[PDB]
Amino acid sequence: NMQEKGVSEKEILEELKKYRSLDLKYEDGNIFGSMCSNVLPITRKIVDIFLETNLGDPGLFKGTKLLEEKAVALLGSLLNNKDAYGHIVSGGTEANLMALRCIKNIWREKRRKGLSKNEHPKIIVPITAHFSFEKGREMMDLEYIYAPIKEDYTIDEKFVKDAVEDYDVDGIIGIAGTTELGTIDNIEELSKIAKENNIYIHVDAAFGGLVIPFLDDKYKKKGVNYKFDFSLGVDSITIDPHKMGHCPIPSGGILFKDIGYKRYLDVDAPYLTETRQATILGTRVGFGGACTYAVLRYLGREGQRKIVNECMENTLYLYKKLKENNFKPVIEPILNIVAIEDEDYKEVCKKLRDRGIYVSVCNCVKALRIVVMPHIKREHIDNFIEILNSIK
């Protein structure tokens, strides 16, 4: 209940610290199933400096707005597109929803011209797609043609080519670093199908966008597709600094091939400095853009390769330890994600929590899921294997 008298700052900070003490901390080696991790320390200073900014009213914060544009230009450069148009948004979910909005509005235009026979947009989506796509389908009344995956947990490209032939398709979704397994769809083939048929293609690189471009050849595998960016001519790409960009939440990213896409996103915001708004959110943080730009500049490709390399070393060490202890990884890892087959995977995940280890689970395969973020070290992997052995 709301009381009449206020409590002192010291009293309330102490209570909040008591609650904080009940949370897990990334640095302690308990969190194995998260795509978030410890932020680069420089970002704490940046959050403080840009806390009182709002990119929903960018006319009042011209420097912070410039910084958002520069964070987006740096991501564009990274994704081989010097003319990318985008935003540093709340996360991969808003980013995906905005790509879905764009697909829907291109369709709506065709429909209102008598140039589409679809009553709802038909979009091809793999079953490995993140649940943000389910949120979009449910809200926006989108019609999904679910694409099956192959033995290697990548989208069946033959199925997509056949679907495009049999139906009037309004969009194709490809994933560059799946939530469950870190696999990469064959975006090169998907984009060929998309270009030849004039279909919008969105790439969900929320996770892999800040891993794949910095992945050393040593970790790349024969037969795996690593091409996923604007050099393939794709229309949009989701990419999240608050995942493998070590930036504070909220720092998501959405990039469109060019500024002409804005036309399918803008809504009127009459009382604001920018009367045209393309984001789903209105009032939104300015520190995400400042942090994304800062971190990419501070690290350079060199610093990010170093962090990805260490994550990959620890991923390979985890994989190696699993094989030695008679566990069955789902696949040899592509990115810094390993999944462990288990017929009783949901209960095993529960038993691991009780022992202080918090792993995730897969949805399309009966397996435990581990994301080897920078906070995971060999000592933690050793402790996890000894606890898992003890449980089995």
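Numbers follow the displayed sequence, beginning with 1.
According to the PDB record, 266 to 274 carries the higher mean C-alpha B-factor of the two stretches 77 to 85 and 266 to 274.
Per the PDB record, of the two stretches 315 to 323 and 218 to 226, 218 to 226 carries the greater mean B-factor over its C-alpha atoms. Among the modelled residues of its chain, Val371 has a C-alpha B-factor that falls in the lowest third according to the deposited record. Ranked by C-alpha B-factor against the other modelled residues of its chain, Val361 falls in the highest third. Annotation for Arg284: C-alpha temperature factor in the lowest third relative to the rest of the modelled chain, per the entry. When the modelled residues of the chain are ordered by their C-alpha B factor, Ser116 lands in the middle third.
Ranked by C-alpha B-factor against the other modelled residues of its chain, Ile31 falls in the middle third.
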